[PDB]
Protein chains: 4
Amino acid sequence: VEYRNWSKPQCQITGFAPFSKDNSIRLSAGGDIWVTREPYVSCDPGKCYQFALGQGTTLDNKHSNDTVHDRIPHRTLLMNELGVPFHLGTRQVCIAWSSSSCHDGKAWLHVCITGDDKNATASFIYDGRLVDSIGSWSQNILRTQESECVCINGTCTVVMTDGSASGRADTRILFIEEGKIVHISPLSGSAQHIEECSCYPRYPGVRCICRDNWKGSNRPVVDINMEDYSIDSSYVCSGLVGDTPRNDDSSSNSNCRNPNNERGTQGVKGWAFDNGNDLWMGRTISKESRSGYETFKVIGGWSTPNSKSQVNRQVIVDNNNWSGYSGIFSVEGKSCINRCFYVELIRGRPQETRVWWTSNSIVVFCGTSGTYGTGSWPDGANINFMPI
Amino acid sequence: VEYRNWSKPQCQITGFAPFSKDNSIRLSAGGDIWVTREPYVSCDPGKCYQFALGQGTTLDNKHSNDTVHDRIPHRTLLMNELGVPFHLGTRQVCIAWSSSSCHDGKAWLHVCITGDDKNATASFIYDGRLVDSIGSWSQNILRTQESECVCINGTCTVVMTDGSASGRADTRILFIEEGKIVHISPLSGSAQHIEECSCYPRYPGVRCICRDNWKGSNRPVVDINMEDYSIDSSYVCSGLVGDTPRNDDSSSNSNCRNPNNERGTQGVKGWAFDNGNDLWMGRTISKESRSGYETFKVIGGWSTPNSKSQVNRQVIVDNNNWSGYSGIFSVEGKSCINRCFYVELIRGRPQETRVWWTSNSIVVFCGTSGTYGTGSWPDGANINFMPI
Amino acid sequence: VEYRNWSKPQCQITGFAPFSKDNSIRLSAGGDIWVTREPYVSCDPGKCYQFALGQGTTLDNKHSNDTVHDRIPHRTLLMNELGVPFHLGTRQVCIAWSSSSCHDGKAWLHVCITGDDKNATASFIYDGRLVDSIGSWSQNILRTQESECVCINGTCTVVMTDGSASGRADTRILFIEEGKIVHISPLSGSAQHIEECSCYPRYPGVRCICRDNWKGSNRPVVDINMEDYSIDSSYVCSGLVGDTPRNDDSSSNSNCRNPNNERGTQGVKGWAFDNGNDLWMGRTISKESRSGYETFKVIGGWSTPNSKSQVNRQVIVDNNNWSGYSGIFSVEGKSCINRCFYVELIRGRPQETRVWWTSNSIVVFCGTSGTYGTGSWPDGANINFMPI
Amino acid sequence: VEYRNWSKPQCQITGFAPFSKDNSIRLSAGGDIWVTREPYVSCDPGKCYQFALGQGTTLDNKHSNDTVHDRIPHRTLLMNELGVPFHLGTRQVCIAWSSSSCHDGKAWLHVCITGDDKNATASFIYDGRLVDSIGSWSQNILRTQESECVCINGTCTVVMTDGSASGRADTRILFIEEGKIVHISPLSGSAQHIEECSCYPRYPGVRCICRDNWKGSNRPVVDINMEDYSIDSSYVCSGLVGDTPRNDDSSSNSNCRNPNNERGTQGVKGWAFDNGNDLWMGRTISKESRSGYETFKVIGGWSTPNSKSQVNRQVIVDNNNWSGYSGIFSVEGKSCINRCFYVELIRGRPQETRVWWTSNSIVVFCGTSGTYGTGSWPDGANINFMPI
Ligand SMILES: *[C@@H]1O[C@H](CO)[C@@H](O[C@@H]2O[C@H](CO)[C@@H](O[C@@H]3O[C@H](CO)[C@@H](O)[C@H](O[C@H]4O[C@H](CO)[C@@H](O)[C@H](O)[C@@H]4O)[C@@H]3O)[C@H](O)[C@H]2NC(C)=O)[C@H](O)[C@H]1NC(C)=O
Ligand SMILES: *[C@@H]1O[C@H](CO)[C@@H](O[C@@H]2O[C@H](CO)[C@@H](O[C@@H]3O[C@H](CO)[C@@H](O)[C@H](O[C@H]4O[C@H](CO)[C@@H](O)[C@H](O)[C@@H]4O)[C@@H]3O)[C@H](O)[C@H]2NC(C)=O)[C@H](O)[C@H]1NC(C)=O
Ligand SMILES: *[C@@H]1O[C@H](CO)[C@@H](O[C@@H]2O[C@H](CO)[C@@H](O[C@@H]3O[C@H](CO)[C@@H](O)[C@H](O[C@H]4O[C@H](CO)[C@@H](O)[C@H](O)[C@@H]4O)[C@@H]3O)[C@H](O)[C@H]2NC(C)=O)[C@H](O)[C@H]1NC(C)=O
Ligand SMILES: *[C@@H]1O[C@H](CO)[C@@H](O[C@@H]2O[C@H](CO)[C@@H](O[C@@H]3O[C@H](CO)[C@@H](O)[C@H](O[C@H]4O[C@H](CO)[C@@H](O)[C@H](O)[C@@H]4O)[C@@H]3O)[C@H](O)[C@H]2NC(C)=O)[C@H](O)[C@H]1NC(C)=O
Ligand SMILES: *[C@@H]1O[C@H](CO)[C@@H](O[C@@H]2O[C@H](CO)[C@@H](O)[C@H](O)[C@H]2NC(C)=O)[C@H](O)[C@H]1NC(C)=O
Ligand SMILES: *[C@@H]1O[C@H](CO)[C@@H](O[C@@H]2O[C@H](CO)[C@@H](O)[C@H](O)[C@H]2NC(C)=O)[C@H](O)[C@H]1NC(C)=O
Ligand SMILES: *[C@@H]1O[C@H](CO)[C@@H](O[C@@H]2O[C@H](CO)[C@@H](O)[C@H](O)[C@H]2NC(C)=O)[C@H](O)[C@H]1NC(C)=O
Ligand SMILES: CC(=O)N[C@H]1[C@H]([C@H](O)[C@H](O)CO)OC(C(=O)O)=C[C@@H]1NC(=N)N
Ligand SMILES: CC(=O)N[C@H]1[C@H]([C@H](O)[C@H](O)CO)OC(C(=O)O)=C[C@@H]1NC(=N)N
Ligand SMILES: CC(=O)N[C@H]1[C@H]([C@H](O)[C@H](O)CO)OC(C(=O)O)=C[C@@H]1NC(=N)N
Ligand SMILES: CC(=O)N[C@H]1[C@H]([C@H](O)[C@H](O)CO)OC(C(=O)O)=C[C@@H]1NC(=N)N
Ligand SMILES: *[C@@H]1O[C@H](CO)[C@@H](O)[C@H](O)[C@H]1NC(C)=O
Ligand SMILES: [Ca+2]
Ligand SMILES: [Ca+2]
Ligand SMILES: [Ca+2]
Ligand SMILES: [Ca+2]
């Protein structure tokens, strides 16, 4: 078994095709299924796995009460083959209320963060053993991607933040070899706030589209040089911005360099990726709430400031249904690297108060060079049918 | 691991022997079990798997209500080892309300159709990654086999239809290499309506017996040339016809060439295969309803128009019990290729209205050159014992 | 991987030590667990599996009602790693209300009998595919061992009976190569009724201790020559007899040759094996009912007619608790072949009428050359705590 | 695959980082989960497993009533991958109310004790088969480590005791090769009572920190010479003692040689390990009850009698929460052997009488050379939410 290098060109795509769906919430009404949030997907060279942060409880369980909260000691990282719902046989890979995972071609790396808000611990687990750990550097909720990290030639990279959720924070990029932290680079560039990066291999480096929770509804970009550990950052040029909340399409802006100061505070994890001058991106359909989900290509979305010409739109989840987090993952094909994405379908609180829990299912799409039609693939549970 | 060629003679058989049964519905009354329909079986070179289209819910679950419907966004393709019932640990292989799967000797191919009736998407997943996709070509419920596809020397073929369920439609035959569509041939020959083909290797080609939902209660045949992609089609010669509904045996006809125009509209997925001039086939015992299941050999059933001399009949499910879809699968033996079949045993609506759900179990038989007795292997659930 | 030959001497044992227990019935009161009976154990060269005949239902399930009956179409052979209780993820290996299984060193053979009492079918499944089948030869409940078959040098043998349960029947010994029946030998010798043989490798042949359901409370012996297919039979010499019912120790007899005509009608599956002139055997503690279970060595029990000197007794299940079937299995060690046994612990009807079902758990012991103490390892469920 | 030698230096650590947590009890309130106690962790060269002694029942089950008791015939050793909670698919590895397991690089050894208090049997199972057994030598509850044994170059060692729980007993050290007992050494040295040793490889030998249930609240040490089978023993030098009950830190003592006679009777399984003159250890936070859990390094804790200078303290479980047993396990890294530990989190009786059962979950930490923060990772179940 050899290290992944991801040294193939990016697959040229025409859009995305249905890949997976787990129906977690529908099943929870007739079976013992984990309460989760912050899911993601990552694949070893052979097969794909679905991940999520458990809440230390199943849904039909009095412990499901008040699971809207983000951080408790009982949250653990769950890992199943993609499409296997989180049943009671699911392995809890580590303790985590924030995480990132990736396979370097030989073994799995898991980055798991847990403990006190003001003094958290990140554990680094590789090939099934704890290899390293680091403590909070800013004493304010050390946190990471909530989607896959990326490895090239045996070095995995992950983006981590510690500090204010509504102001300048301390973001660092780690380089990890077989679970051992070998280098840490400070964030550099023009991005002013970085959270929950959705990263992907772009040989010879790694590129990330993240969440600015402070002043931007445009998404920050973090570029990682795997050769000399140097870091650059900016913002996605597209005038059709990807965060939520955000202004409507007719009044949104991005200059590629600065946070737009348009409903900048708060946000949601998301993704986008470049193709030459163009940009493929997803976002919630609603501009103010985590409702609906759409993807499209923005012409000049990567290179041209404030570009707003889109094409190849697809509805993933219609705007009558709840969405949530979304993130990218990459899958190596015979001759090219394909881009896929998942979306978290959040049910329960705070939006749906009939129940006292908060959980999610997922739906997953992959880049295609073929053709496709239309549809909508929401969570599908009837809130009135659920144990409260 | 080498590609399958299926280049062995067909096993000579005297009938069929019991192979598998999952007791899905009986178990659903005391356990969390998926609601399904449209099951099938396919085997890799080592072992067999049972497949089915889930309804995104378990049976003892309020979401089981009104699962009689064929197409919702939450249907996914399930896959377990044969004889492992669809419990909550079952892997959902892809999103699909119509599907076909097959192993080429190296990896699994999955053809998964989902989305809007008028604009569906078929995803092609090979070796655990999405490789290709195609959109609806006639904007009227793109649909496929609901049983195993067939691969020879690295090329897998599958039959798909788009268009009217009760009139001329657009049927195409796809040739797929490692998940990539390399050629598409239009249907040719005298078959006038093609649905839900049950295909099997007949080296050097592939042969399919299908469902004519328009004018024929005789089953159409599709012959696929894997070498030059040419297509031929006709109808099973046997005067004992295999569709449901159909005329009684004394007034049924087939001329090998045209739909018989006898209770031709509607139908059910089924199978048959040739042995020289003779035909082995199954069908429901009832001529108008999906009740009972019987197999027999028709002497001259392949070569002689309107032949009605049968022998070696076996009851699989007696006519007091519900059946449903049936399909063929092929298993490679030491010196010959054996033919097997499964029978879908539908319970619930529309026939059984005490409950509000629709689901199924399966029973499976394989060709034998030995001897055997008699029996009946129905679903076995007591509708009165079921959660409604 | 090479065929098993079992060409090592039998391990010299001092008695038996605890090996496994599944607690099936206790768990059934708080979890979804298969209803079973007629369990056994068999191991591949690496590890051991527990088998049983399911009743097509879990215990906490209205379908568990009236499962005291021996034969329905929904019974299937279940197979898990030893110690894994029959949960809903259990694989149903074949359709069977009577069975036998064994591994020849390369793959698993399953002999599965189902269908009508008067016209049953035995299916032979090898390496995951149906290879052969035979129909009933006496039209009266074709039946087999309910414990492991035995393979030497690629040839597996199994004992089958068809005909009266209370009079002369038609017993045959099959020889099977990779699932294919290659020879069938009639029973020969002085055994007058043969059922449910517990067989073991005794290189170069196979030896079986069985159940005479007609005239003997002494257990029949069947000796199988794997070289020329010849068959011999007799009765265990020991004056301490192994069947239930039987006379008490002071009035029981065996002459090694004929059924003793002592409470000979009815019986229970059991086991014993020879060591030189001596015999190791198990039996129920009660002489009339399937209660308790004990093992001991009879001095001269193999060679001396009516020998009644025992030593090294061990209580496996005390006489205040229900037992049932028991059988032998053999495990290859570094330098010798060890003998182990399981016992079926039957709960429910007909003995316990508070519940309407019949099921079992198991306890398993293996031969030891070391030392050991005392105990009792019954089912352990409180009948009053059970779903009825 | 080669035998383990553990011939690498001990990893230098700065403390411990979060590794695993199973949330057993929270899950038991909404799912079918085994009732357990006496858990531990052990890893093969690739991955880690969690073990525990089942009570032959799930928690939401009437059989969970009165499971506070230590020894019943239905207790079996459970084994899952670490982080997989004990669901119904869990393998019961052997019958046991006391156990120890370890992997020698090639296969698993299991030491399983069950049967009558006065006449127990220890079974030795290696590579999936029973290889040896030994009977009770003092007729008073033969018992062992309840944590991993240790193997070097194909020889595994385990510590066992038989005799008084509150007086002089008979402790022996077994050396086992491929499941076969090759030598037994009597305890020697100054330790006066030995139970439940937590052992670890310290090449070329093995070192154990145990429980003195008679006169010491200081923990006994047992040193095992794997080359000549010689045994030495003493007591942990640290004046900060590790047993419960114990004197408070101001009035506790140890002289490295003798039991301290400070609240010496009773106790709890625990651990510690040396690093030069220093000691890393864990213990309950409460000095009289199994509540809370803390780790720290004692400067001179290994070499200096009565040393009480600690540093690098970490709270694992705060003193408002129940703990229980704890034990060490060792994990081979690229260049060093790391030390890890688990903590048993006991819920139910006798401390919490709303419920009638006794069970536990686990939390697991591994040594780190990196940095870390603070937290508390208790069981987390709400006793009021539990089935009683
Ligand atoms: C069957 O399915 C196919 C494939 O999904 C589908 O074709 C697609 O239609 C959409 C919508 O027309 C196309 O995407 C659009 O492209 C135009 C540029 O040509 C953009 O201007 C559009 O964006 C505007 O309109 C959107 C609403 O449609 C707004 O949300 C957005 O803010 C803009 O105002 C949009 O991106 C897409 O390019 C094609 N795909 C392909 C490959 O042709 C087809 O319509 C379906 N057929 C039917 C009748 O259902
Ligand atoms: C024990 O089991 C064996 C094996 O199943 C069984 O033998 C089989 O009997 C059936 C029924 O007689 C045979 O099948 C028939 O073959 C004749 C030609 O010889 C056909 O004419 C029959 O078809 C007509 O009758 C059917 C009803 O039986 C109608 O449904 C049909 O429309 C036709 O009118 C039928 O195909 C079969 O050939 C044998 N199998 C073998 C290998 O011998 C035997 O009867 C069983 N014994 C008992 C008493 O259960
Ligand atoms: C601790 O455990 C050991 C191992 O189990 C145990 O030693 C065993 O005791 C039994 C009972 O005494 C021995 O078996 C007996 O052997 C004598 C011949 O020496 C037979 O006569 C006995 O059979 C008669 O008695 C039985 C009841 O005990 C009747 O059921 C039977 O019908 C006969 O009347 C019986 O087989 C056995 O040999 C030893 N095992 C060894 C290896 O020594 C020991 O007793 C236990 N200690 C205590 C005090 O519990
Ligand atoms: C963020 O996390 C870090 C890492 O956990 C943490 O630093 C640690 O603080 C503890 C507590 O001060 C240190 O442990 C102490 O070490 C001193 C010697 O230097 C000992 O005297 C202490 O023992 C006494 O006090 C204990 C209570 O704190 C008593 O229980 C005990 O009986 C003694 O009286 C204790 O061992 C530890 O060394 C550091 N760790 C490192 C690596 O620096 C830090 O405090 C956290 N920050 C916050 C604000 O949460
Ligand atoms: C399954 O769903 C159906 C449809 O909603 C339910 O039946 C309906 O119940 C409503 C409310 O009482 C009635 O007003 C309608 O007349 C019913 N519809 C039909 C078509 O009969 C039914 O209750 C559900 N089944 C279960 C078991 O909950
Ligand atoms: C198991 O099945 C039997 C047979 O139906 C049930 O016993 C019968 O119950 C009916 C209706 O409740 C009574 O009228 C009959 O008197 C019973 N028949 C017999 C033979 O006693 C029994 O109730 C079922 N058990 C459970 C728990 O459902
Ligand atoms: C657990 O078992 C105990 C003991 O049987 C039960 O408590 C007893 O109940 C009986 C009958 O009601 C009383 O007479 C005794 O006084 C009780 N014993 C004790 C020690 O209190 C208890 O009910 C069981 N728990 C549950 C939830 O079923
Ligand atoms: C570590 C932590 O709690 N991270 C958060 C996160 C966070 O609050 C913001 O991004 C602000 O910094 O946002 C939210 C959110 O849904 O917006 C979920 C996360 N939940 C978990 N990761 N557990
Ligand atoms: C795609 C789809 O909905 N196909 C159908 C199918 C169909 O309606 C006819 O064949 C007419 O074209 O028939 C039936 C049927 O039970 O008759 C089940 C199917 N259900 C599913 N495949 N889900
Ligand atoms: C095939 C069949 O029904 N065999 C029987 C069996 C049998 O009735 C006698 O041995 C008489 O011939 O006995 C019993 C019994 O417990 O005695 C269980 C079996 N149950 C099952 N094997 N399913
Ligand atoms: C074999 C046995 O029953 N051992 C004990 C044990 C024991 O009583 C003492 O150490 C004194 O000898 O302590 C306790 C304990 O929680 O204190 C748990 C054990 N339970 C089990 N191992 N099952
Ligand atoms: C959840 O907890 C809240 C706050 O304690 C309580 O008011 C509510 O009743 C709980 N919900 C359920 C379903 O028990
Ligand atoms: Ca924002
Ligand atoms: Ca038709
Ligand atoms: Ca008898
Ligand atoms: Ca003590």
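Below, chains carry the letters A, B, ... as their sequence lines are ordered, and counting in each starts from 1.
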Stepwise side chain to side chain donor-acceptor pair (under 3.5 Å) test for B:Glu146 and B:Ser98: CA-CA 6 Å; B:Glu146 327 298 0; B:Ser98 183; 2.6 Å; yes
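- Checked by atom type and distance alone, the side chain of B:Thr144 pairs as donor or acceptor with a backbone atom of B:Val159 at under 3.5 Å.
- A ring-centre distance under 6.0 Å is not found for B:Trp280 and B:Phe296.
- Here the two rings, on B:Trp271 and B:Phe341, have centers that are under 6.0 Å apart.
- B:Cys151 is linked by a side chain to side chain contact (heavy atoms under 4.5 Å, CB included) to B:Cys102, B:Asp104, B:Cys156, counting only residues two or more places apart in sequence or in another chain.
- B:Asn218 and B:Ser254 are linked by a side-chain donor-acceptor pair at a separation below 3.5 angstrom, with hydrogens and angles left out of the test.
- To the nearest 0.5 Å, the span separating OG on B:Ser238 from NZ on B:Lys297 amounts to 13.0 Å.
- Put simply, the side chain of C:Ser133 never gets that close to the backbone of C:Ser123: no donor and acceptor are under 3.5 Å apart.
- Listed by first and then second residue, the salt bridge (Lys or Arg N to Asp or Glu O under 4.0 Å) pairs involving residues 307-330 of chain B are B:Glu294-B:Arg313 (not counting sequence neighbours).
- With 3.5 Å as the limit, one finds no donor-acceptor pair spanning the side chains of B:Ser100 and B:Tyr40.
- A donor-acceptor pair shorter than 3.5 Å can be found between the side chains of B:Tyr293 and B:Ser326.
- Using modelled atom types, one finds no donor on one side chain facing an acceptor on the other under 3.5 Å when comparing B:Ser101 with B:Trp108.
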Evaluation steps, side chain to side chain contact (heavy atoms under 4.5 Å, CB included), between B:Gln10 and B:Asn275: CA-CA 8 Å; B:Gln10 174 177 279; B:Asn275 182 231; 3.6 Å; yes
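- The closest side-chain donor-acceptor pair between B:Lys21 and C:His74 falls under 3.5 angstrom.
- Listed by chain and number, the residues in a side chain to side chain contact (heavy atoms under 4.5 Å, CB included) with B:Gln351 are B:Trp322 (sequence neighbours excluded).
- Closest heavy-atom contact between C:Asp116 and C:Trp97: O-CZ2, 4.5 Å.
- Considering only heavy atoms from C-beta on, B:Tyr49 stays 4.5 Å or farther from B:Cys43 through its side chain.
- Rounding to the nearest 0.5 Å gives a distance of 13.0 Å between NE2 of C:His110 and CZ of C:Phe124.
- Rounded to the nearest 0.5 angstrom, B:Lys215 NZ and B:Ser166 OG are separated by 11.5 Å.
- For B:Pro85 against C:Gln92, the heavy-atom pair with the smallest separation is CD-NE2, 3.9 Å.
- Judged by distance alone, the side chains of B:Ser286 and B:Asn319 never bring a donor and an acceptor atom under 3.5 Å apart.
- Not less than 2.5 angstrom separates the SG atom of B:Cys197 from that of B:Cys208.
- B:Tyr325 and B:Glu196 share a donor-acceptor pair across their side chains, judged by distance under 3.5 Å alone.
- Counting only heavy atoms from C-beta outward, the side chains of C:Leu53 and C:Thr76 never approach each other to under 4.5 Å.
- Atom CD1 of B:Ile337 and atom CG of B:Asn5 lie 10.0 Å apart (nearest 0.5 Å).
- Side chain of C:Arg75 to main chain of C:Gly54: a donor-acceptor pair is present (N/O by atom type, distance under 3.5 Å, no hydrogens or angles).
- To the nearest 0.5 angstrom, B:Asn306 atom CG is 8.5 Å from B:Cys256 atom SG.
- Inspection of the B:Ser361 and B:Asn23 side chains reveals no N or O donor paired with an N or O acceptor under 3.5 Å.
- Side-chain atoms of C:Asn119 and B:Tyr372 form no donor-acceptor pair, as typed in the model, at a separation below 3.5 Å.
- Checking side-chain atoms of B:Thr161 against main-chain N and O of B:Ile194 turns up a donor-acceptor pair under 3.5 Å.
- A donor atom on one side chain and an acceptor atom on the other are found under 3.5 Å apart for C:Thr155 and C:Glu177.
- Counting only distance, with no hydrogens or angles, the side chain of B:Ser185 and the backbone of B:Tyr229 share a donor-acceptor pair below 3.5 Å.
- Remark: side-chain polar atoms of C:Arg172 are not paired, donor with acceptor, to backbone N or O of C:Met160 under 3.5 angstrom.
- The aromatic ring centroids of B:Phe365 and B:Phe19 lie 6.0 Å or more from each other.
- Checked by atom type, the side-chain pair B:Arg263/B:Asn247 shows a donor-acceptor distance below 3.5 Å.
- Remark: the B:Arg168 side chain and the B:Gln192 side chain contain no N/O donor-acceptor pair separated by less than 3.5 Å.
- Residue pairs meeting the salt bridge (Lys or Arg N to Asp or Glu O under 4.0 Å) criterion with at least one partner in residues 264-274 of chain B, sequence neighbours excluded, are B:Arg202-B:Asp274, B:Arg207-B:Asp274.
- Judged by distance alone, the side chains of B:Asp248 and B:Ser251 do bring a donor and an acceptor atom under 3.5 Å apart.
- For B:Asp243 and B:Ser217, the side-chain atoms include no donor-acceptor pair closer than 3.5 Å.
- One distance of note links CG of B:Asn80 with OG1 of B:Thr90; it measures 3.5 Å at 0.5 Å rounding.
- Put simply, the side chain of C:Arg143 never gets that close to the backbone of C:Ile113: no donor and acceptor are under 3.5 Å apart.
- C:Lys106 pairs by the side chain to side chain donor-acceptor pair (under 3.5 Å) definition with nothing, not counting sequence neighbours.
- Residues forming a side chain to side chain contact (heavy atoms under 4.5 Å, CB included) with B:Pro45 (at least two apart in sequence, or on another chain): B:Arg4, B:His103.
- At least one side-chain heavy atom of B:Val364 sits under 4.5 Å from a side-chain heavy atom of B:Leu82.
- B:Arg347 places no side-chain N or O within 3.5 Å of a backbone atom of B:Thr358 that could act as its donor or acceptor partner.
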